[PDB]
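# here is the sequence, then the experimental structure:
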Amino acid sequence: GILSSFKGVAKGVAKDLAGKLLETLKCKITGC
């Protein structure tokens, strides 16, 4: 389903988006 894919992944996008694009520094800082 689309909703399944979104709620599975999109639900935590607010923080994790930065985790991906800024992996070089957010994940090092926050510990993603």
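Cool, got the structure. Numbering: from 1, shown residues only.
# in which helix or strand does the residue most central in space within the chain reside?
The centroid of the chain falls nearest to residue 16 when counting by CA atoms, centre = their mean (2.1 Å). For residue 16, the host element (DSSP states H and E) is helix 13-21.
# quick one: distance of that helix to the chain centre.
Counting by CA atoms, centre = their mean, to the nearest Å, helix 13-21 is centred 4 Å from the centre of its parent chain.
# then stretch 23-32?
11 Å.
# that older thread, find the nearest non-adjacent residue to the residue nearest to the centre of the chain, please.
Leaving aside its chain neighbours, residue 16 sits nearest to residue 32 (7.1 Å; criterion: CB to CB, 6 or more residues apart in numbering). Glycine gets a C-beta too; all of them are placed from N, C-alpha and C.
# for the one you found, what are its contacts?
By CB atoms under 8 Å, 6 or more residues apart in numbering, residue 32 lies in contact with 16, 19, 23, 26.
# against residue 4, how distant is it?
23 Å (CB to CB, to the nearest Å).
# residue 17 now?
If you go by CB to CB, the gap between residue 17 and residue 4 works out to 20 Å.
# hmm, back to that, and for the helix holding residue 16, what's in contact with it?
The contact list for helix 13-21 (CB under 8 Å, 6+ apart) reads 26, 27, 30, 32.
# next up, the contacts around residue 3.
Residue 3 neighbours (CB under 8 Å, 6+ apart): none.
# redo that, cut-off 10 Å
residue 10 (CB atoms under 10 Å, 6 or more residues apart in numbering).
# quick one: end-to-end length of stretch 2-22, please.
Its start and end residues considered, stretch 2-22 measures 26 Å (CA to CA, to the nearest Å).
# run a quick neighbour tally on residue 22.
For residue 22, the neighbour count with other CB atoms under 10 Å is 14.
# any idea how far it is from residue 32?
Using CB to CB, we find residue 22 at a distance of 9 Å from residue 32.
# same check, this time on residue 13
In this view, residue 13 and residue 32 are 13 Å apart by CB to CB.
# can you get me a residue count around residue 31?
Using other CB under 10 Å, residue 31 has 6 neighbouring residues.
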